[PDB]
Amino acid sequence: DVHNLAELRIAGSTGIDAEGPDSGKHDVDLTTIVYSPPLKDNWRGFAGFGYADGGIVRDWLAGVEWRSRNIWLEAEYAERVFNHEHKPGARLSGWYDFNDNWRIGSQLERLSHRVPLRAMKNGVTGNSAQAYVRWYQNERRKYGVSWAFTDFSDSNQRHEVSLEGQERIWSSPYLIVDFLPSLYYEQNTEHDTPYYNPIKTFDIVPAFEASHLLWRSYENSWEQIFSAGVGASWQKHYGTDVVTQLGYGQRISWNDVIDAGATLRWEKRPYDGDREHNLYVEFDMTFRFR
């Protein structure tokens, strides 16, 4: 019956062949975080670790989480090291639920991950502010507005905006199919940069996702995830070309104590002209224990 215990989260990202502009062909992202048990009914403390080599960047972090329904909140401080150089970092985030159809979320970060993770090759520091609004119109219908402002340590400010939708097309005992149309807007300021800093980009990518169930017995299961998208990307001084994206993954859930998933992703969009392709693998695991 025990279901609120200590929790270990481990998630990772690695590039198979990422010929994109803000990532080398082969990069490695790994983050591991452990949550304490409910210290009391709403409070949890966590500590964690972050790793990124592509010149190696590591993170040591610790923070607290408060949790009731209708409102979730956490703060987090981290220390980031690079080439015998320490720099401080902190995160504040939360969401609350207005009416149980509407939810508003907020997020403050230093340093921000919304900065391409090594514009810091020249030591580019960034602090940001995120906000989002999510609205559930049916039980089969869901829209998400989001935006973020980011201040770089080289005078560049990035204002990103995203708008997502989630429409349920088909819901079977074994198969569900979602329509996930996505919109994205990004604007920057600094013009001659050593990192991919597009001045004004806008994308329209209609996409679907299909979750198929391979096997299930009662409270533990196994599913495969197929997702595909074809869209267009516009960039000022460069016009427009096509965006295509594919994903394949699988999920395992076991006794509400084991959750694991791994996804193989491919995408091909234009960066400053003609299209380059990104191929990478993502995974995540959550365990609950002593």
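Residue positions are given as counts along the sequence shown, with the first one as 1.
- Count the deposited residues lacking coordinates between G54 and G55 and you get 4 to 9 of them.
- The mean C-alpha temperature factor is higher for 218-226 when 245-253 and 218-226 are set side by side.
- For the two regions 78-86 and 128-136, the entry's Cα B-factors average higher over 78-86.
- When the C-alpha B-factors of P181, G94, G144, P173 are read from the PDB record, the largest value belongs to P173.
- Among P206, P194, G105, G165, the highest C-alpha B-factor recorded in the PDB entry belongs to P194.
- Split the chain's modelled residues into thirds by C-alpha temperature factor. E267 is in the middle one.
- When all modelled residues of the chain are sorted by CA temperature factor, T189 is found within the highest third.
- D1: CA B factor lies in the highest third for its chain, per the PDB record.
- In this PDB entry, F283 carries a Cα temperature factor that places it within the lowest third of its chain's modelled residues.
- Remark: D59 belongs to the middle third of its chain, ranked by C-alpha B-factor as recorded.
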